[PDB]
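Written below as structure tokens is the structure these notes are about.
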Amino acid sequence: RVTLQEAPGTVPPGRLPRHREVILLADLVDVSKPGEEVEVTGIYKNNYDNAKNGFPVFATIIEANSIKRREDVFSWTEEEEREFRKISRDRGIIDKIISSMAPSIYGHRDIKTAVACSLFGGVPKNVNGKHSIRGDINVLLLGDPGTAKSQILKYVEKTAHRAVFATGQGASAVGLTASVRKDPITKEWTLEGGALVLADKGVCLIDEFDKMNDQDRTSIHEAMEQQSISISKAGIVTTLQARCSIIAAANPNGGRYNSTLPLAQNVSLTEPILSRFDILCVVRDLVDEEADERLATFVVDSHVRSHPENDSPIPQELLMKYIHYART
Amino acid sequence: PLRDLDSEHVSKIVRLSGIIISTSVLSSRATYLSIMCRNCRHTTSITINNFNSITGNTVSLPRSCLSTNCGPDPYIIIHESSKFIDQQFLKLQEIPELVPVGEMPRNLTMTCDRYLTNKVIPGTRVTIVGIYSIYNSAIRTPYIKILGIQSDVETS
Amino acid sequence: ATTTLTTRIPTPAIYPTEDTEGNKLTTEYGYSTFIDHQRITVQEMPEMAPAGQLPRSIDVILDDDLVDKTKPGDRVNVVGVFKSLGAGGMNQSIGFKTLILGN
Amino acid sequence: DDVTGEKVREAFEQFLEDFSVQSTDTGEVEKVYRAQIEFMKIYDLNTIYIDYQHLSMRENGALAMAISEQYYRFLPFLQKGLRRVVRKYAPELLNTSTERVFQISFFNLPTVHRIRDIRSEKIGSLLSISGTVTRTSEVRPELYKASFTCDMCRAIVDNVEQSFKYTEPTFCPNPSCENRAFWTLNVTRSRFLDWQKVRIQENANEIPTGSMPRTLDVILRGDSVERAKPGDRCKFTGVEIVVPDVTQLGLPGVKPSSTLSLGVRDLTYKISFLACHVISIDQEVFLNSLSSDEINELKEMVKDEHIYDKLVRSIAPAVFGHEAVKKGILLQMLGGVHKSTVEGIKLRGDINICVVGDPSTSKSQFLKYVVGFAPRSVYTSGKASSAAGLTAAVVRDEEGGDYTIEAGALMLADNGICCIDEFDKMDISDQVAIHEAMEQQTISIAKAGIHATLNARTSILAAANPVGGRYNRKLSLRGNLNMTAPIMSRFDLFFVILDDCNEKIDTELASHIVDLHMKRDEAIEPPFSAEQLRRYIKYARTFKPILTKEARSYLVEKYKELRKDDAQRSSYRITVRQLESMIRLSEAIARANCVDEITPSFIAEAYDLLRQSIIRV
Amino acid sequence: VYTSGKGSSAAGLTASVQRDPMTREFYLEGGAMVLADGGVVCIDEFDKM
Amino acid sequence: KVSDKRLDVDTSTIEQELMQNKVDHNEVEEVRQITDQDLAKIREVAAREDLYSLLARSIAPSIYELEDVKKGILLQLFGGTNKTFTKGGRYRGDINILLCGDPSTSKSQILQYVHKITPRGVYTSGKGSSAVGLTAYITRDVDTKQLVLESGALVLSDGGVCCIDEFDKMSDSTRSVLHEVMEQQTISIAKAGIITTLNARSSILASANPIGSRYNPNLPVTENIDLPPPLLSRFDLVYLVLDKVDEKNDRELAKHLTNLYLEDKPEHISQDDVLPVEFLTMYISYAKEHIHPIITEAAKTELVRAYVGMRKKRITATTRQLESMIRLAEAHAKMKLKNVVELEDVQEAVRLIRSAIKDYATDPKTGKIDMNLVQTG
Amino acid sequence: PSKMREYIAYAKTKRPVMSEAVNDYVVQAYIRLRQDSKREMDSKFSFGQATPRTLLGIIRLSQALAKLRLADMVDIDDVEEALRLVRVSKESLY
Ligand SMILES: Nc1ncnc2c1ncn2[C@@H]1O[C@H](COP(=O)(O)OP(=O)(O)O)[C@@H](O)[C@H]1O
Ligand SMILES: Nc1ncnc2c1ncn2[C@@H]1O[C@H](COP(=O)(O)OP(=O)(O)O)[C@@H](O)[C@H]1O
Ligand SMILES: Nc1ncnc2c1ncn2[C@@H]1O[C@H](COP(=O)(O)OP(=O)(O)O)[C@@H](O)[C@H]1O
Ligand code: BEF
Ligand SMILES: [Mg+2]
Ligand SMILES: [Mg+2]
Ligand SMILES: [Mg+2]
Ligand SMILES: [Zn+2]
Ligand SMILES: [Zn+2]
């Protein structure tokens, strides 16, 4: 059974979106994943028969016949490995990829270089258990507000493999901490790891990094130091594995970076938290009239191009597949 | 893979892996029990050796004296003469990292008996050899009888 | 079933309301006999229990002079028959009710 | 059979044909009911609207009184009479093409009953109620007529009427059977209608002293399903109905009970409503629902040069002397253009206003004015709200029942303005959650096994006070405001209201206040009436302004000048989100001028307004 | 067990007595100093405990 | 519902329902019927020269020598004009009074007197009250085993005087809900399951002590009161009841109390005659229903001049103070049964506002009360 | 305690009343106490400024002492003893 809810885009304002129960049978099972738009056809069947409403009322269930995602992007074929080698043979390919990183954004080439480094990552290694070395590169984006750190992280989510998005505080489906919670409707225990555990072989984007809870901070420290979150609740004594590269965005104290202070006074994170990072790029706001002019031109062009009534970089799909093959 | 379990695997030996997250308390089952008629005082001895491992109790007490009046439900279990074996319920969950991003990990109820009881503790990562099965609460509830627990190396 | 070790033939407990000849009967409290009954639960000792795992417990049925010989939280060594009671679902309505009759 | 029922049915079908209301000079006289029947045939609809005034006029209203007092008893007779009338004239629409159900709706009742006016002596009668919609359920089928499969001589009986409760067909497809113990329903030969339950609530103005609000459950059966969104004032017309209740088991008073064997059954009920229909209270559809004088009015405003100045002066007539706040609130009501790039990221256009100032500086006054003037708005205070109240809420449909979603404060503000008074007092957890929705523009529910993800396109108009009570000039905005810099960053605009001992303004304000108290709504001199303002606002919203090359150049130059102003210290620094704010404010101003093209003058005005927004510390 | 000063992600640094789910009775959830007994315990960030 | 020992229910708050209730044939005594002789007696009393002082001393007769306090309480009981706007909205004449000063100044007794006299009212005390406790809460009626909506102290005290004792001891978190109630006379609650606005036309009467449980002349007035300015701005009258060792005053008070201890259930030692509480309640009620003052132009000019005079550290002037003079003058006129507001009413209201805050003894630049100067018998 | 409780109940039955001369004595004592509190409002022995509750406490103690003798009429020596107790409550301070 798949519960279908109307897409929020087409819902008129002020109305509660409605849910209809779609029934999948035979080989139709597990052809969709939650959070993905679908286009399904089938019989609008009247479900079997509660006296809750008093009046005689039957539930409705839509039996399914054919479901197509509106839309394996990481699949491979010999011709595209030939292509990968061909583009790899080019000169300036590093700069081409960097210019390809976050195409929606303008400026801060250091940030693009750092995020590309994090995506490609170092070589995992394990010397027969004698010595273990992290094979990931962690990037921290400590920048002043309104510098598109959030949008950069959203782009990374779009363009990464095994990528999870977590927040320092608020509401999220991933809590950065291992937990044992029981669903009241079904009444059974589930062992859910944090975003760190979920991104076992990928990246974990942690926005609002400065605004973490104490438990979240401790779990972040554990994951970054030993690459293995341990859980000891409700009788479950085990150490889950989380070997993840962390791309984090944090805000300097006071909503602005003070240059005369060192990194210690600018961010509330303590030194052991920062030391495990590799690329600590501070996105300081720069007051240049010409840079602001070029930024405003970019922003205005993008904003006008989006109006419903008025209207060297590598393509994104190639970037996807080439990054995956490079890592693999 | 635990998500790849299919109706084609019903009543077939299936190899799969996961994590043990809960071990229920030992429950004693019947493998040989002596009964008596309340009227006839007729002793009997039922044997339930053939898969006394389904969740439900299958080979039930007779409602009439042997070969068949006696009166319905005349049988009482002589407890000091019966012989029992123990059953323990385990629950397996997919490895937490190898799950869809925003989806609750799929867990599957499992059952073991005799010398396979008290062989694992919650949190252990195990590989399971057992019979994929079906239990009625149109829909049915899948579960696995345990035949062998390949317990990996765990915390010392 | 508890008050005797061997399984006796089940005779339903019917309170005599009338005489054999239909005369009304007045129950005589203070002449009828009552026996103290107490059930205690014994859990695995924390000193010897494995750490980080759920505990296991057994139920003990005490009777007559054995009642109220313990306080919750005590460490006790109860000895008695490990009897199993009830049809245990074998009779149509998951195991058998198991308890340690207290000696 | 009943002779009186036959009489009322034949009279009903008689005046469905004989009735004819005059068209005065233009059109002579025409059969209004026959005209509606022709309209029904033309549009193939399923419900007929009958004015109660006409029935009152006809035959000294004796039949009107009879049908109003005992509507439920005569309803089948009404259906039969209408069916015979349809058979007489235009019987083509009789069948579905098995049979099409005809719905009769009465409108324009003489009186309106409030929810607290419900009485037992009106049970089963026709009346009207007026309430605010709180919870709406799914449109579900109900058994209009039910078919079943026989037990002995297994076979299906076809198209048997289903009453308000489960029914068993006395007759059988095999006449010799006469057995009905086990019937197996078949959906194919079972008719259905549309069922939806709406929980209305008593409006604020009708609440007595001290009483907490009272609410009623209204069932919409027919085409009227999903006709009202949560949080709207609607007028419901229908029949007063009762439904069995099992909850009132321990209540004081002797419980009515039926004895039959024994045949015991507790006759406990609760009052509900079955509404026949619901009435609420591009530019082409908008242009259509106006009168000629209204269109002339709106058009005259569109051409005037002083339209901007007059509109700005008209906002909040009671408040005197604050023009920046009026401009900001007017812009917020005019809204913006919300846009999505090719990338899928969405650019919100609606404006967010944060007002902070000294006590008694009319900060609430603007909030209290916005509610009652904007088409949809929600006003809330600080300590009197929670996160689950502001966003979507999860409650049981009934006690010990399945949980259901309830639209929160922001949901009623969808595509509207949500006024939040005393932001600083309102809880820090509620603070985090409200703001997080302002960034996301959506809300996600994951409590008690519900995964509904709503959309929140709402305009925030939030007021607050400086920490400690009174503003301090020397300290910057962030020092006197408890909020952190990014929270201010998400807001489009800021207005800071200051108090000072100036005798001229003190005298003018004292005179204004005393005059307002003495002469009420007298000589307040509003440039335009509120309805005209709302007419213009509704029209302006239809437009979607466009930019020019000069507009692009001027926007870039103004952003450059603002950034040069920053650390040229500032109250709060400037960002590119400020550039987006100027873009949306400029297009809002152009919409205010009803001009499809933004001029550099609009950009200059928006830039200047932001400049007074950032007062030098 | 390798334990941070504040403890592990969820595992406590020292023994903690809590209640089990199914009967709310006393049992030891864990703790580094008791789960690892008879061996060693490695505590990093000692000053943050 | 009606009793002669308490004020009758306000008809303005029940104006909406009575016309339909007459059709409903409920036939309950909503209002007490005033005889023609009673109306003539009321008019005769309104013609008396010492009406204001008489009605002041009639409230809380046993309380001795709290003259301004009793007058302010009387004015609050009368209330202001309940204006209504044709466009929409309404300005209500509910007077909110704060009492602050030394302990054992009979603030609690005045609070109890008011709580007894008013038709509808709830007496809460400091830490006892809570934010959901005032306003509204959801409760489970065990009889029906159903979540039933129930109102709190503020909504319960609608149309009456809500007595709050130990005001200072309340946490500022609980005090937040008073911000909307004391000004808009409504409470808008948007908690889980309910999203609406509630009408709470309740005039707060709050008693508190200065920080340190006693007045400190060294500290300024605003520091001694120690409340956020937005709160203190909402209060129309603030009383600095002061306990000062005056031999004549102490002798008079001691004589009054000791004489109160002369019988088992004695009579008031107040030498001056007082109106019996039955007629006093009848008079106040009748003045509430059948008097609706309108401000005159001369009163408007005097109000503007007075407001400018006050609006020229010590407590600051406020537009709420302007609306407070408006309400107080309206109430003073409504007491005199006059249908309009005159200049003397505004003068009396300004005198009350100045005297309650002890403005006649405070230094302008620094709010230190001149203890020798402020002394009054 | 049984006999003491019986006597205390019997005393609680009585409701004594004050006297004119007694009232004058109490009033003068309260005035003097208020003056004394005003004088040493910041001395080393400021046990607190006197309040009307002090007068009420004097009355209450005098009535209790009258009850103790099983009398319906407050006596002057009872007031003297109540004043003595109130004063010597702080006598150990020296
Ligand atoms: N370097 C940049 N180039 C283009 N647009 C930018 C740049 N920095 C910020 N923006 C834009 O500024 C706006 C503010 O949002 P964003 O910068 O993502 O917020 P924050 O950094 O505070 O999370 C966005 O529309 C973003 O695209
Ligand atoms: N510029 C003003 N114009 C009109 N009325 C004002 C003005 N300033 C203060 N007031 C009046 O004084 C009172 C102030 O209330 P208000 O400022 O809305 O409370 P808050 O400051 O907590 O938001 C209102 O009655 C309001 O009408
Ligand atoms: N001026 C006064 N007039 C009448 N009684 C007074 C006066 N001052 C004090 N009292 C009496 O002293 C006590 C103090 O009153 P209470 O309200 O309890 O004090 P507080 O003002 O601290 O709340 C009461 O018994 C009261 O009757
Ligand atoms: F000592 Be009092 F209650 F202000
Ligand atoms: Mg951000
Ligand atoms: Mg306000
Ligand atoms: Mg007090
Ligand atoms: Zn037998
Ligand atoms: Zn049949």
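By convention in this document, the chains of the structure tokens carry letters A, B, ... by their order, each chain's residues are numbered from 1, and ligands are numbered from 1 in the order they are shown.
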Exercise for review: Extract, using only C-alpha atoms, all DNA, RNA and protein residues at most 10 Å from residue 45 (chain F), discarding same-chain residues fewer than 3 positions from it, and format them as JSON, numbers by chain.
Suggested key: {"F": [39, 40, 41, 42, 48, 49, 50, 51, 54, 55, 275, 283, 336]}
Review point. For chain C against chain A, which residues fall within 9 Å using only C-alpha atoms, given as number ranges by chain?
Key: C: 51-54
Write out, as an mmCIF file, in the first residue's frame, the residues just selected, with N, CA and C atoms.
```
data_model
loop_
_atom_site.group_PDB
_atom_site.id
_atom_site.type_symbol
_atom_site.label_atom_id
_atom_site.label_comp_id
_atom_site.auth_asym_id
_atom_site.auth_seq_id
_atom_site.Cartn_x
_atom_site.Cartn_y
_atom_site.Cartn_z
ATOM 1 N N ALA C 51 25.357 -6.590 31.949
ATOM 2 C CA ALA C 51 25.128 -5.157 31.884
ATOM 3 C C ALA C 51 24.671 -4.749 30.493
ATOM 4 N N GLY C 52 23.676 -3.870 30.448
ATOM 5 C CA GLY C 52 23.180 -3.353 29.193
ATOM 6 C C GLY C 52 22.130 -4.195 28.512
ATOM 7 N N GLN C 53 21.641 -5.248 29.157
ATOM 8 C CA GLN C 53 20.621 -6.109 28.582
ATOM 9 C C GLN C 53 19.397 -6.136 29.484
ATOM 10 N N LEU C 54 18.242 -6.390 28.878
ATOM 11 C CA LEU C 54 17.000 -6.408 29.629
ATOM 12 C C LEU C 54 17.014 -7.553 30.639
#
```
Check your understanding: Once you count only C-alpha atoms and all ligand atoms, which residues end up within 6 Å of ligand 8, and could you hand them over as number ranges by chain?
Key -> B: 37, 40, 42, 65, 70
Point to revise | Neighbourhood of ligand 1 at 8 Å, counting only C-alpha atoms and all ligand atoms, reported as a ChimeraX atom specification | key: /A:104-108,143-152,295,298-299 /D:347,486,489,575-577,580
Exercise for review: Kindly work out which residues sit at most 6 Å from ligand 4, using only C-alpha atoms and all ligand atoms, and give the list as number ranges by chain.
Suggested key: F: 102-104, 209
Please produce a file of those selected residues containing N, CA, C and O atoms, as a CSV table (one decimal), in the first residue's frame.
```csv
chain,number,residue,atom,x,y,z
F,102,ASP,N,3.4,49.8,51.1
F,102,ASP,CA,3.9,49.1,52.3
F,102,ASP,C,2.9,48.0,52.7
F,102,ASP,O,1.7,48.1,52.4
F,103,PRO,N,3.4,46.9,53.4
F,103,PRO,CA,2.4,45.9,53.9
F,103,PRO,C,1.5,46.4,55.0
F,103,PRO,O,1.8,47.4,55.6
F,104,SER,N,0.4,45.7,55.2
F,104,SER,CA,-0.5,46.0,56.2
F,104,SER,C,-1.1,47.4,56.0
F,104,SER,O,-1.4,48.1,57.0
F,209,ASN,N,3.4,44.6,46.2
F,209,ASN,CA,4.3,45.3,47.1
F,209,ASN,C,5.5,45.8,46.3
F,209,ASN,O,5.9,45.2,45.3
```
Exercise for review: With only C-alpha atoms and all ligand atoms counted, collect every polymer residue having an atom within 6 Å of ligand 2; state the result as a PyMOL selection string.
Suggested key: (chain D and resi 318-321+359-365) or (chain F and resi 319-320)
**Study point:** Within 10 Å of residue 10 (chain E) using only C-alpha atoms, minus same-chain residues under 4 positions, as number ranges by chain
**Key:** A: 177-179, 215, 218-219, 229-233; E: 6, 30-31
Review point. Which parts of region 145-322 of chain D does DSSP call strand (DSSP E) when run on the backbone here, written out as a ChimeraX atom specification?
Key: /D:145-149,156-161,184-185,191-201,215-221,233-244,257-258,265-266,269-280
Exercise for review: Within 8 Å of ligand 3, which residues show up when you count only C-alpha atoms and all ligand atoms? List them as a ChimeraX atom specification, please.
Suggested key: /F:62-66,101-111,165,207,209,253,257 /G:51-53,56
Exercise for review: Would you list the residues that come within 10 Å of ligand 6? Count only C-alpha atoms and all ligand atoms and give the answer as a PyMOL selection string.
Suggested key: (chain D and resi 356-368+381+421-422+463-465) or (chain F and resi 179-180+183-184+230)
Residue selection dump (N, CA, C and O atoms) as a short mmCIF file (atom, residue, chain, number, x, y, z; two decimals), in the first residue's frame:
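Result written to out-v2.cif:
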```cif
data_model
loop_
_atom_site.label_atom_id
_atom_site.label_comp_id
_atom_site.auth_asym_id
_atom_site.auth_seq_id
_atom_site.Cartn_x
_atom_site.Cartn_y
_atom_site.Cartn_z
N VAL D 356 8.78 47.34 15.76
CA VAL D 356 9.23 47.43 17.14
C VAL D 356 9.20 48.89 17.55
O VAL D 356 9.54 49.77 16.75
N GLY D 357 8.78 49.15 18.78
CA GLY D 357 8.71 50.53 19.22
C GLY D 357 8.36 50.62 20.68
O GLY D 357 8.17 49.62 21.37
N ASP D 358 8.25 51.86 21.15
CA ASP D 358 7.94 52.17 22.53
C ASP D 358 6.51 51.75 22.84
O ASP D 358 5.72 51.54 21.91
N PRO D 359 6.14 51.59 24.10
CA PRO D 359 4.76 51.21 24.43
C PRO D 359 3.76 52.27 23.97
O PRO D 359 4.06 53.46 23.92
N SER D 360 2.56 51.79 23.63
CA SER D 360 1.43 52.65 23.28
C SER D 360 1.70 53.48 22.03
O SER D 360 1.17 54.58 21.88
N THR D 361 2.54 52.98 21.14
CA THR D 361 2.81 53.64 19.88
C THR D 361 2.01 53.04 18.73
O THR D 361 2.49 53.04 17.59
N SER D 362 0.81 52.53 19.00
CA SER D 362 -0.11 51.98 18.02
C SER D 362 0.47 50.79 17.28
O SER D 362 0.03 50.49 16.16
N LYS D 363 1.44 50.08 17.86
CA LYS D 363 1.94 48.87 17.21
C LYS D 363 0.83 47.84 17.08
O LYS D 363 0.69 47.20 16.03
N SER D 364 0.01 47.69 18.11
CA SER D 364 -1.10 46.72 17.95
C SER D 364 -2.14 47.33 17.04
O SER D 364 -2.81 46.59 16.32
N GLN D 365 -2.27 48.64 17.08
CA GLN D 365 -3.35 49.26 16.33
C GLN D 365 -3.32 48.83 14.87
O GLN D 365 -4.36 48.50 14.29
N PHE D 366 -2.14 48.82 14.26
CA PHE D 366 -2.02 48.37 12.88
C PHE D 366 -2.42 46.91 12.74
O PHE D 366 -3.11 46.55 11.79
N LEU D 367 -1.98 46.07 13.67
CA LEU D 367 -2.33 44.65 13.61
C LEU D 367 -3.83 44.46 13.73
O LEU D 367 -4.43 43.68 12.98
N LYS D 368 -4.46 45.17 14.66
CA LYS D 368 -5.90 45.07 14.83
C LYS D 368 -6.65 45.62 13.63
O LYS D 368 -7.76 45.17 13.33
N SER D 381 -1.64 36.73 19.92
CA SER D 381 -0.79 37.41 20.88
C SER D 381 0.41 36.54 21.21
O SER D 381 0.62 35.48 20.62
N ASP D 421 1.21 39.58 17.46
CA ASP D 421 1.49 40.65 18.40
C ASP D 421 2.41 40.16 19.51
O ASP D 421 2.30 39.03 19.99
N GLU D 422 3.33 41.04 19.92
CA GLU D 422 4.28 40.75 20.98
C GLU D 422 5.10 39.50 20.66
O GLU D 422 5.00 38.47 21.32
N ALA D 463 4.76 42.37 15.47
CA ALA D 463 5.11 43.50 16.32
C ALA D 463 5.78 42.99 17.59
O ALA D 463 5.58 41.84 17.99
N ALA D 464 6.58 43.85 18.21
CA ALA D 464 7.32 43.47 19.40
C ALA D 464 7.71 44.72 20.17
O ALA D 464 7.42 45.85 19.75
N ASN D 465 8.38 44.51 21.29
CA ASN D 465 8.87 45.59 22.13
C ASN D 465 10.35 45.40 22.38
O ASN D 465 10.85 44.27 22.41
N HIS F 179 -1.28 41.55 28.98
CA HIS F 179 -0.97 42.66 28.09
C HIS F 179 -2.12 42.94 27.13
O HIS F 179 -2.52 44.10 26.95
N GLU F 180 -2.67 41.90 26.50
CA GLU F 180 -3.77 42.09 25.57
C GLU F 180 -5.08 42.35 26.29
O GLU F 180 -5.92 43.10 25.79
N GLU F 183 -5.79 46.03 27.61
CA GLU F 183 -5.93 47.10 26.63
C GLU F 183 -7.06 46.85 25.63
O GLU F 183 -7.93 47.70 25.46
N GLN F 184 -7.05 45.70 24.96
CA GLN F 184 -8.06 45.39 23.95
C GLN F 184 -9.32 44.79 24.55
O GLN F 184 -10.29 44.59 23.82
N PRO F 230 5.75 48.69 29.49
CA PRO F 230 4.52 48.38 28.74
C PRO F 230 3.37 47.92 29.62
O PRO F 230 2.21 48.20 29.31
#
```
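Of note, CA of residue 307 (chain A) and CA of residue 458 (chain D) are spaced 19.9 Å apart.
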